[PDB]
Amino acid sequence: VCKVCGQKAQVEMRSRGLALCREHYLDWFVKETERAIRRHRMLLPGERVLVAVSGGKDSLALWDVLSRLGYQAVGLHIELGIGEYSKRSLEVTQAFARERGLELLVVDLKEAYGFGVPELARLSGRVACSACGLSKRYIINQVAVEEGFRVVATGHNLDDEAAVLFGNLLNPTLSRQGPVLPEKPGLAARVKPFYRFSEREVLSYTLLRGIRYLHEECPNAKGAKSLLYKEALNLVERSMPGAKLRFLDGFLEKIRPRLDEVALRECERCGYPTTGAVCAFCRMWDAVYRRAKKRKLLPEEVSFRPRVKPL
């Protein structure tokens, strides 16, 4: 039964020794997010925050919660150009923004740079997910700097973060992983308010809220190693409630601080943070455009023009 009111539970969490009905699960979820934010000092009260929103269950739940918590939450959707999946991701996200009267910023990858994730998986020399991850991270940070956001929030949850950690241990980086990454020059702060919530818990919130999210997974996701890691970790979790959270907390508090010093450079092309002379994003597009011209998918006299970091 519900721990609060004693009525029938909608969500039982054995990991937390807690079961709740609809009303009280909704309150608890919002309050636990508020507590996660306060503890690690992720956001300032009422602050403008850029929420990276895919249309999936987590990032839409995050946009919902951050709005309810009084933050000024502007969504950013990137249209990655992956078939009908990307088309539906955009539609679902626009619909969410429309219904709630929220501001949604959109960057269309193909429209802006000429090529989407599927073309990148051919022309860039990288596999789909590699090109996609890089594009997402760069563009999200770019929009944040350009529009003057101090901080970006993404919907990464416990299973996501535990899987990354497990992956990093299975294939030895570690020290870079965290729920709060500090702001730098040309680099917005990055926070993960949902990092202590299991996927099941976020989904329960999303369903109980009546949030319309995209059920469909990306077609490129099947057979991903992250799924293998999550399956193994959830195998353990099933018979040992709380294991995932102890796993990630144990690493963050104990192991990570004892793991580790060069200043970030400034990209010659776009001026954004990098450890190279030209950042990975700009190098990717230079390689893509080169290969595209050879294959006659792009005009020879067309040149890649990056939007330079403002100052």
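Sequential numbering from 1, following the sequence displayed.
Modelling of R176 is missing from a third or more of the other compared entries in which both of its neighbours are modelled. When the other compared entries with both flanking residues are checked, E261 is unmodelled in at least a third. Unmodelled deposited residues between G148 and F149: none, per the record. The entry shows an unbroken chain from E253 to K254, with no unmodelled residues of the deposited sequence in between. Taking the mean C-alpha B-factor of each stretch as recorded, 114-122 and 235-243 are not equal, and the higher mean is that of 235-243. In this entry, 302-310 shows the higher mean Cα temperature factor of the pair 302-310 and 1-9. In the deposited coordinates, the residue among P172, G81, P219, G133 with the greatest CA B-factor is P172.
Of the candidates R88, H156, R209, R98, the one whose C-alpha carries the top B factor in the deposited record is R98.
Annotation for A188: CA B-factor lies in the middle third of the chain's modelled residues.
When the CA B factors of the chain's modelled residues are split into thirds, the value for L227 lands in the middle one. In the deposited entry, the Cα temperature factor of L66 sits in the middle third of values across the chain's modelled residues.
In the deposited entry, the Cα temperature factor of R200 places it in the lowest third of its chain's modelled residues.
Placement of the Cα temperature factor of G56 within the chain: lowest third of the modelled residues, per the deposited record.
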